[PDB]
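Novice: Please find one structure pasted underneath; my questions will follow.
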Amino acid sequence: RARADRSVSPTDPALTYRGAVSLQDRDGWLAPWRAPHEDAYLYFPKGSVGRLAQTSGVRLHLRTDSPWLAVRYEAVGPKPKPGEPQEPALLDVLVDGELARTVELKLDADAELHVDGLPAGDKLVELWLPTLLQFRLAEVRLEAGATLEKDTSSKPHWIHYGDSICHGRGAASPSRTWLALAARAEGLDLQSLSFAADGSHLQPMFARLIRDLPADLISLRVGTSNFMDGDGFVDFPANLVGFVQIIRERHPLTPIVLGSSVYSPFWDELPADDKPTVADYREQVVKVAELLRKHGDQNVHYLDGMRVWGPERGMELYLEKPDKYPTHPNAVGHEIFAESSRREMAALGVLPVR
């Protein structure tokens, strides 16, 4: 701390929040949201709403010559029902695309993060916000006399929707999720609309959101989340067709990747019980993709989730210990998933983007 220090508002025009749909101003605090905060009620029931403010795939960009930075923050974890736990809260600091500092965050408190010893000279600073938490800012501080410039990069936009799991789980740190690794290797401006199982039911409000967002590449992975509720199979093809058509109103030529669910050791292996299976959902993703293509859509493609993450993926790539069901990839698993997704999307001809 010093009087001379340069104080920066979280709403300063030189700051860019990437991966955020809206920014909520609440009594001196700035909360990035992954849906329009004023309309949150439209997307989820009251309890579930908090998930929209979790800063997964959200990053703060700024150009500065400052050898240090300080952020006044508050990190709020999800409210647990009485069966109390004991998931490290990390914030990544990238300098010119390279990881400079992984910072351990203080929870449910008005706290201050201080990253000293950053390279001297002009550089792009990316603060990759925590993955399973709501993160709010009140101030950014830099060295006195330090420069502050907007990051003017115009990377192609990549929107990812779907999955039945939280992507922050098992990743080494926020910039090391499969999504973060895949976007960074490709040079893409990521936007995650992944809100685990509940948010992956092909809700028309999410399709409207995707449609109203800038996008150069769109990927949707669905199926299993609907299977998990045992309800949604009959309407599934109509909901998926409807979902793509809404997006196509504003993205008529943008590559849309229709992903069938990735292999789940738990869900894929459940006994059929004359009820639709995970395999049945995967076959519908295929059918809709062929139907859209057959009637003129040259920019709709099918991505087999078994090719991205199949049954051949060993325990060495899962986080969960033997007495639990393997559900999440570990740090190496997140790297494999990322390279595998890039390889499969390149095979479809959607990668590279520019």
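Here the Cβ positions follow ideal geometry from the backbone for every residue, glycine too, while neighbour counts run over all protein chains shown. Readers should treat all values here as calculations from the given coordinates under stated rules, not as data from a laboratory.
Novice: Decide, for segment 167-234, between rounded, prolate and oblate: order the square roots of the alpha carbon gyration tensor eigenvalues as a ≥ b ≥ c, take rounded if a/c falls under 1.5, and otherwise choose prolate if a/b is larger than b/c, else oblate.
Specialist: Here segment 167-234 falls in the oblate category.
Novice: List the pairs from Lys46/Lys324; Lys46/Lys79; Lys123/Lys155; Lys155/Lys294; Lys81/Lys275 whose alpha-carbon separation is above 25 Å, in the order I gave them.
Specialist: As for pairs spanning more than 25 Å Cα to Cα, those are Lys46/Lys324; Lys155/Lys294; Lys81/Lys275.
Novice: 5 Å is the cut-off here: which amide hydrogens, built 1.01 Å from N in the peptide plane, fall below it relative to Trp309, excluding neighbours closer than 5 in sequence?
Specialist: Residues meeting the amide H criterion: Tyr263.
Novice: A further question follows. Quick one: which residues, 5+ away or cross-chain, put their amide H under 5 Å from the amide H of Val21? H built at 1.01 Å from N.
Specialist: Residues meeting the amide H criterion: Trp33, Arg34, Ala35.
Novice: Using only Cα positions of segment 119-166, each an equal point scatterer, no hydration layer, compute I(q)/I(0) via Debye at q = 0.28 Å⁻¹ and quote the log10 values to two decimals.
Specialist: Debye intensities relative to I(0), on a log10 scale: -1.28.
Novice: Taking the dipole about the Cα centre of segment 155-354, with the C-beta of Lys and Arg at +1 and of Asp and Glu at -1, give me whichever of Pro322, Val353, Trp158 is farthest to the positive side.
Specialist: Farthest towards the positive pole: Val353.
Novice: So what's Rg/Rh here for the chain, counting alpha carbon atoms and using the Kirkwood radius for Rh?
Specialist: Reported Rg/Rh, Kirkwood definition of Rh: 0.97.
Novice: Let's see if you can work this out: charge +1 on each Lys and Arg Cβ, -1 on each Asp and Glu Cβ, no other charges. What is the dipole magnitude of the chain about its Cα centre, in debye to the nearest 20?
Specialist: Its charge dipole is roughly 520 debye.
Novice: Which order do the peptides 312-319, 224-231 come out in when sorted by mean C-beta neighbours inside 10 angstrom, highest first?
Specialist: 224-231, 312-319
Novice: Please sort 234-240, 146-152, 201-207 by packing, taking for each peptide the average over its residues of neighbouring beta carbons within 10 angstrom, highest first.
Specialist: Per-residue Cβ counts within 10 Å, averaged per peptide and sorted highest first, yield 201-207, 234-240, 146-152.
Novice: Could I ask something else about it? Considering only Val49, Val278, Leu148, whose Cα is most displaced toward the positive end of the charge dipole of the chain, charges sitting on Cβ of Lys, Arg (+1) and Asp, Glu (-1)?
Specialist: So the residue we want is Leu148.
Novice: With n ≥ 4 as the cut-off for DSSP H runs, can you work out [θ] at 222 nm for the chain, using -39500 (n - 2.57) per run divided by the number of residues, rounded to the nearest 500?
Specialist: -6500 deg cm²/dmol
Novice: Rounded to the nearest 5, what % of DSSP beta bridges with both residues in segment 155-354 are antiparallel?
Specialist: About 5 percent, rounded to the nearest 5.
Novice: Rounded to the nearest 20 Debye, what is the dipole magnitude of segment 1-154 about its Cα centre when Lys and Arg each give +1 and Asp and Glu each give -1 at the C-beta?
Specialist: Dipole about the Cα centre, nearest 20: 360 debye.
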